[PDB]
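*Asks:* Please read through the structure below; I'll follow up with questions.
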Amino acid sequence: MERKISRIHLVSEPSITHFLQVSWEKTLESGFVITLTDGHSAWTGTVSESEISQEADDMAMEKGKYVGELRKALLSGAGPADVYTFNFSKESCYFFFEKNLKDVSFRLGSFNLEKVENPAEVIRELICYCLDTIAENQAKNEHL
Amino acid sequence: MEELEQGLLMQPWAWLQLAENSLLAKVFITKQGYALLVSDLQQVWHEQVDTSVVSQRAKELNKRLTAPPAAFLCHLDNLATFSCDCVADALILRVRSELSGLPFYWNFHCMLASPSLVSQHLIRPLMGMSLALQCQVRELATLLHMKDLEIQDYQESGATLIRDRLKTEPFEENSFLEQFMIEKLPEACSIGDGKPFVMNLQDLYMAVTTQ
Amino acid sequence: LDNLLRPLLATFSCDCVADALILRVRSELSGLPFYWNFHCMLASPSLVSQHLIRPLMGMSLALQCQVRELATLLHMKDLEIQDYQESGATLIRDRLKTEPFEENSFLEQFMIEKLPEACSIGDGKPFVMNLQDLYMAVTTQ
């Protein structure tokens with residue numbers, strides 16, 4: 001079971017850091033649950049393996065290569081030449097995310113979202129986890 | 001558009017490797033559309049397309065991750081997997097390429113090119129270049145006779161050769177045209193797959209198109 | 001018809017119906033006149049291929065080979081004249097001195113000055129005079 005959270009900025013909110021959380025079982029291709037927030041409110045959505053198959057086979061692409069791309073985009077595997085961009089409307093609960101080359105954008109995928117009724121609870125969970133994570137590296141560095 | 005045509009006219013010939021055969025193509029691309037001409041060295045085909053057809057056809061062939069036709073045009077400028085079919089005479093070139101880091105596909109529905117433009121693009125140009133080449137041969141020949149005059153000037157008074165391997169027989173066209181006919185005309189005039197033409201003659205091609 | 005044409009290759013008239021070219025001969029035979037009409041449909045692009053283009057490509061590339069070998073002959077005669085002056089310890093009348101041959105300049109000057117007339121299509125008259133021999137030869141090959 002893998003979790004991966006990512007600090008993001010929606011284009012609609014340049015000054016607000018949004019946070020993209022990803023949870024999945026070793027494999028983003030199999031399907032995942034996604035959660036977005038901005039410190040006052042949070043949203044969640046879901047995508048399946050067949051959705052990714054359909055996306056990748058409308059990418060004209062081998063699935064897996066598009067999965068590596070997704071690893072770059074959503075799990076922060078992007079490189080210095082990589083410029084992804086994220087767009088979401090809180091009113092419509094519709095997300096999509098794109099790729100910037102040739103001075104142009106390329107929508108990579110797009111998700112149906114929903115606002116969570118308990119933002120604060122997912123928030124506590126995420127940040128407890130993060131605290132734990134911090135602390136571990138701290139102890140390790142000490143020993144080293 | 002007509003700019004596409006006129007630029008194409010000045011476009012030299014490329015050479016294409018299909019898995020089935022080879023091809024020669026001259027193409028003129030703009031952000032406005034494209035001007036192509038393709039031939040298999042027995043038949044020629046033509047296709048001319050603007051950004052609207054580009055857009056709709058890409059959508060059909062390639063759907064989502066959508067873009068400006070000019071972006072595709074730019075990638076085509078980059079210039080992948082090529083295939084074609086001579087459906088009735090629509091030589092539909094089928095090209096799989098890598099665009100946006102991903103597989104791309106387009107069909108050039110190249111109908112038989114028109115005899116007017118066929119003149120305009122091969123024959124009139126070919127005839128022009130062949131004649132210009134003959135003028136080049138004549139001028140190099142007169143230069144070699146100037147050189148023969150200069151060498152015979154040495155030969156009339158002293159001027160013995162030191163390097164016993166620099167001898168040149170006096171230049172006379174007919175015999176060398178004959179030896180060209182016999183020894184090397186077969187290998188030369190071999191049509192092949194259109195490669196030597198795209199290799200060496202494109203300079204003169206563009207020049208003759210300009211003139 | 002042959003006896004009439006071979007000299008010329010009597011009066012002739014030509015007309016193009018929509019696609020076909022129609023060729024008319026006004027002449028005489030046995031003192032009597034002879035009238036015939038040619039009915040030539042637009043030729044096929046296999047025919048066009050084989051009779052004009054592929055042979056004409058062939059022309060172009062063969063004369064390219066001509067130019068290449070004749071350029072290298074120019075360079076070898078340059079080597080001979082150099083052997084004459086630099087080590088042969090001899091001079092000439094100075095009225096026949098020729099520039100050492102380089103194909104790049106030669107080409108730039110040919111295409112700047114001679115090319116406007118070197119590639120001229122014209123009536124097809126110069127084509128059918130100057131190269132029909134090579135035409136024949138490459139058709140055979």
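Lettering and numbering for the structure tokens are positional, with chains as A, B, ... in the shown order, residues counted from 1 in each chain, and ligands counted from 1 in the shown order.
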Check every residue of chain C for an atom within 8 Å of chain B, counting only C-alpha atoms, and provide those that qualify as a VMD selection string.
*Replies:* chain C and resid 45 to 46 49 to 50 52 to 54 56 to 67 70 to 71 73 to 74 76 to 81 83 to 84 87 to 93 96 to 98 110 to 111 114 to 121 127 137 to 138 141
*Asks:* Ranking A:37, A:46, A:76, A:105 by minimum distance to residue 19 of chain A and counting only C-alpha atoms, which one comes first?
*Replies:*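 Answer, going by the shortest atom-to-atom distance: A:37.
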*Asks:* Mind checking which residues fall within 9 Å of residue 27 of chain A, counting only C-alpha atoms, ignoring those fewer than 5 positions away in the same chain, and posting them as a PyMOL selection string?
*Replies:* chain A and resi 1-2+32+67
*Asks:* Write the residues of the preceding selection, restricted to N, CA, C and O atoms, as an mmCIF file, in the first residue's frame.
*Replies:*
data_model
loop_
_atom_site.group_PDB
_atom_site.id
_atom_site.type_symbol
_atom_site.label_atom_id
_atom_site.label_comp_id
_atom_site.auth_asym_id
_atom_site.auth_seq_id
_atom_site.Cartn_x
_atom_site.Cartn_y
_atom_site.Cartn_z
ATOM 1 N N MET A 1 0.826 -1.197 0.000
ATOM 2 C CA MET A 1 0.000 0.000 0.000
ATOM 3 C C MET A 1 0.862 1.250 0.000
ATOM 4 O O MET A 1 1.675 1.461 0.896
ATOM 5 N N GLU A 2 0.676 2.081 -1.010
ATOM 6 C CA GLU A 2 1.472 3.280 -1.168
ATOM 7 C C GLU A 2 0.601 4.510 -1.021
ATOM 8 O O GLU A 2 -0.511 4.575 -1.550
ATOM 9 N N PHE A 32 -6.861 3.985 -7.851
ATOM 10 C CA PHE A 32 -6.424 4.788 -6.720
ATOM 11 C C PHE A 32 -7.560 5.692 -6.263
ATOM 12 O O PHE A 32 -8.523 5.934 -6.996
ATOM 13 N N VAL A 67 1.556 5.246 -17.457
ATOM 14 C CA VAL A 67 1.609 5.081 -16.008
ATOM 15 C C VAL A 67 2.874 5.721 -15.437
ATOM 16 O O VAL A 67 2.839 6.338 -14.372
#
*Asks:* Sort by chain and increasing residue number a table of all residues of chain B within 9 Å of chain A, each with its closest pair of atoms and their distance in Å to one decimal, counting only C-alpha atoms, and write it as a Markdown table.
*Replies:*
| residue | atom | partner | partner_atom | distance |
| --- | --- | --- | --- | --- |
| B:62 | CA | A:60 | CA | 7.5 |
| B:63 | CA | A:58 | CA | 7.2 |
| B:64 | CA | A:58 | CA | 6.5 |
| B:65 | CA | A:106 | CA | 5.5 |
| B:66 | CA | A:106 | CA | 7.0 |
| B:67 | CA | A:106 | CA | 7.7 |
| B:71 | CA | A:102 | CA | 8.0 |
| B:100 | CA | A:101 | CA | 8.0 |
| B:101 | CA | A:61 | CA | 8.7 |
| B:102 | CA | A:61 | CA | 5.5 |
| B:103 | CA | A:60 | CA | 4.9 |
| B:104 | CA | A:60 | CA | 6.5 |
| B:105 | CA | A:60 | CA | 8.5 |
*Asks:* What are the DSSP alpha helix (DSSP H) residues of chain C, as a PyMOL selection string?
*Replies:* chain C and resi 2-8+45-48+54-82+103-109+115-118+125-130+132-140
*Asks:* Pick out the residues sitting within 12 Å of segment 121-131 of chain A, and hand them over as a compact mmCIF listing (two decimals) with N, CA and C atoms, in the first residue's frame; count only C-alpha atoms, and ignore anything fewer than 5 positions along from it in its own chain.
*Replies:*
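What ended up in result-v8.txt:
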# COMPACT_ATOMS: atom_id res chain seq x y z
N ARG A 3 1.11 5.47 -0.27
CA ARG A 3 0.51 6.78 -0.23
C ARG A 3 1.53 7.79 -0.74
N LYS A 4 1.00 8.85 -1.33
CA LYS A 4 1.86 9.89 -1.87
C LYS A 4 1.03 11.16 -1.91
N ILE A 5 1.51 12.16 -1.26
CA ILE A 5 0.83 13.44 -1.15
C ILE A 5 1.70 14.47 -1.85
N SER A 6 1.07 15.46 -2.49
CA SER A 6 1.83 16.41 -3.29
C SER A 6 1.25 17.82 -3.17
N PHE A 19 -3.14 20.49 -2.20
CA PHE A 19 -2.37 19.32 -1.82
C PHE A 19 -3.01 18.09 -2.42
N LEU A 20 -2.25 17.38 -3.25
CA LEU A 20 -2.76 16.21 -3.94
C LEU A 20 -2.25 14.96 -3.23
N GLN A 21 -3.17 14.20 -2.66
CA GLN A 21 -2.85 12.98 -1.93
C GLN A 21 -3.20 11.78 -2.79
N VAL A 22 -2.29 10.83 -2.87
CA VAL A 22 -2.54 9.63 -3.66
C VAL A 22 -2.30 8.41 -2.78
N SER A 23 -3.25 7.47 -2.86
CA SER A 23 -3.15 6.19 -2.18
C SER A 23 -3.44 5.10 -3.18
N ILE A 34 -8.15 9.62 -4.67
CA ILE A 34 -7.47 10.90 -4.72
C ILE A 34 -8.21 11.87 -3.80
N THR A 35 -7.45 12.73 -3.12
CA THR A 35 -8.01 13.74 -2.24
C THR A 35 -7.28 15.06 -2.44
N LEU A 36 -8.05 16.13 -2.60
CA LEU A 36 -7.51 17.47 -2.75
C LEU A 36 -8.04 18.33 -1.62
N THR A 37 -7.24 19.32 -1.22
CA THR A 37 -7.62 20.22 -0.15
C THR A 37 -6.88 21.54 -0.31
N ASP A 38 -7.31 22.54 0.47
CA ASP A 38 -6.65 23.84 0.52
C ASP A 38 -6.62 24.42 1.93
N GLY A 39 -6.70 23.58 2.96
CA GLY A 39 -6.68 24.02 4.33
C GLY A 39 -8.01 24.49 4.89
N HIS A 40 -8.96 24.85 4.05
CA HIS A 40 -10.28 25.02 4.65
C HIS A 40 -11.23 23.90 4.26
N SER A 41 -11.13 23.38 3.03
CA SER A 41 -12.04 22.36 2.51
C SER A 41 -11.26 21.29 1.76
N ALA A 42 -11.90 20.14 1.56
CA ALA A 42 -11.25 19.01 0.91
C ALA A 42 -12.23 18.32 -0.04
N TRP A 43 -11.67 17.59 -1.00
CA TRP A 43 -12.46 16.89 -1.99
C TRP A 43 -11.82 15.54 -2.25
N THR A 44 -12.63 14.60 -2.73
CA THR A 44 -12.14 13.25 -2.99
C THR A 44 -12.77 12.74 -4.27
N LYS A 115 -16.88 16.94 -3.08
CA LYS A 115 -16.48 17.55 -1.83
C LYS A 115 -16.73 16.60 -0.67
N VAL A 116 -15.77 16.51 0.23
CA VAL A 116 -15.92 15.64 1.39
C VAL A 116 -16.72 16.37 2.45
N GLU A 136 10.61 9.91 11.66
CA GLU A 136 11.44 8.76 11.33
C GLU A 136 12.78 9.20 10.78
N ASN A 137 12.74 10.04 9.75
CA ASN A 137 13.97 10.52 9.13
C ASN A 137 14.83 11.23 10.14
N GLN A 138 14.20 11.94 11.07
CA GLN A 138 14.96 12.58 12.12
C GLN A 138 15.79 11.57 12.89
*Asks:* Rounded to one decimal, what separation in Å do you get between atom CA of residue 12 of chain A and atom CA of residue 89 of chain A?
*Replies:*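 Answer for the atom CA of residue 12 of chain A to atom CA of residue 89 of chain A separation: 7.9 Å.
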*Asks:* Hey, can you check how far atom CA of residue 11 of chain C sits from atom CA of residue 24 of chain C?
*Replies:*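 For atom CA of residue 11 of chain C relative to atom CA of residue 24 of chain C, the distance reads 8.4 Å.
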*Asks:* For residue 13 of chain A, which residue among A:30, A:50, A:141, A:87 is the nearest when counting only C-alpha atoms?
*Replies:*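 Ranking A:30, A:50, A:141, A:87 by distance to residue 13 of chain A, first place goes to A:87.
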*Asks:* Rank B:6, B:78, B:22, B:142 by their smallest atom-to-atom distance to residue 121 of chain B, using only C-alpha atoms, and report the top residue only.
*Replies:*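 Residue with the minimum atom-to-atom distance to residue 121 of chain B: B:6.
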*Asks:* I need the strand (DSSP E) residues of segment 103-202 of chain B per DSSP on the backbone, written as an NGL selection string.
*Replies:* :B and (103-112)
*Asks:* Would you write out those residues with N, CA, C and O atoms, as a PDB file, in the first residue's frame?
*Replies:*
ATOM      1  N   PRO B 103       2.148   7.737 -29.482  1.00  0.00           N
ATOM      2  CA  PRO B 103       1.909   7.274 -30.823  1.00  0.00           C
ATOM      3  C   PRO B 103       0.998   8.236 -31.554  1.00  0.00           C
ATOM      4  O   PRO B 103       0.022   8.708 -30.966  1.00  0.00           O
ATOM      5  N   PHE B 104       1.322   8.539 -32.806  1.00  0.00           N
ATOM      6  CA  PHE B 104       0.468   9.420 -33.577  1.00  0.00           C
ATOM      7  C   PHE B 104       0.056   8.684 -34.833  1.00  0.00           C
ATOM      8  O   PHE B 104       0.689   7.704 -35.230  1.00  0.00           O
ATOM      9  N   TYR B 105      -1.024   9.143 -35.442  1.00  0.00           N
ATOM     10  CA  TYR B 105      -1.465   8.566 -36.696  1.00  0.00           C
ATOM     11  C   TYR B 105      -2.173   9.577 -37.579  1.00  0.00           C
ATOM     12  O   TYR B 105      -3.042  10.319 -37.111  1.00  0.00           O
ATOM     13  N   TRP B 106      -1.835   9.553 -38.869  1.00  0.00           N
ATOM     14  CA  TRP B 106      -2.497  10.356 -39.885  1.00  0.00           C
ATOM     15  C   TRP B 106      -2.591   9.572 -41.184  1.00  0.00           C
ATOM     16  O   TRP B 106      -1.797   8.657 -41.434  1.00  0.00           O
ATOM     17  N   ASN B 107      -3.566   9.941 -42.003  1.00  0.00           N
ATOM     18  CA  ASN B 107      -3.712   9.386 -43.333  1.00  0.00           C
ATOM     19  C   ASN B 107      -3.641  10.490 -44.365  1.00  0.00           C
ATOM     20  O   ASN B 107      -4.477  11.401 -44.370  1.00  0.00           O
ATOM     21  N   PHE B 108      -2.655  10.399 -45.231  1.00  0.00           N
ATOM     22  CA  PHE B 108      -2.619  11.254 -46.398  1.00  0.00           C
ATOM     23  C   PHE B 108      -3.351  10.572 -47.530  1.00  0.00           C
ATOM     24  O   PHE B 108      -2.891   9.557 -48.061  1.00  0.00           O
ATOM     25  N   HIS B 109      -4.493  11.127 -47.891  1.00  0.00           N
ATOM     26  CA  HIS B 109      -5.343  10.526 -48.901  1.00  0.00           C
ATOM     27  C   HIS B 109      -4.902  11.055 -50.257  1.00  0.00           C
ATOM     28  O   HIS B 109      -5.620  11.827 -50.901  1.00  0.00           O
ATOM     29  N   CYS B 110      -3.713  10.650 -50.683  1.00  0.00           N
ATOM     30  CA  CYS B 110      -3.064  11.271 -51.830  1.00  0.00           C
ATOM     31  C   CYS B 110      -3.659  10.714 -53.110  1.00  0.00           C
ATOM     32  O   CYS B 110      -3.329   9.601 -53.531  1.00  0.00           O
ATOM     33  N   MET B 111      -4.545  11.482 -53.716  1.00  0.00           N
ATOM     34  CA  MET B 111      -5.035  11.138 -55.023  1.00  0.00           C
ATOM     35  C   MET B 111      -3.932  11.394 -56.020  1.00  0.00           C
ATOM     36  O   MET B 111      -3.108  12.286 -55.823  1.00  0.00           O
ATOM     37  N   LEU B 112      -3.934  10.591 -57.075  1.00  0.00           N
ATOM     38  CA  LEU B 112      -3.197  10.877 -58.296  1.00  0.00           C
ATOM     39  C   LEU B 112      -3.032  12.367 -58.523  1.00  0.00           C
ATOM     40  O   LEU B 112      -4.002  13.126 -58.499  1.00  0.00           O
TER      41      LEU B 112
END
*Asks:* Take atom CA of residue 14 of chain A and atom CA of residue 68 of chain B and report the distance between them in Å, one decimal.
*Replies:*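 Taking atom CA of residue 14 of chain A as the start and atom CA of residue 68 of chain B as the end point, the length is 26.3 Å.
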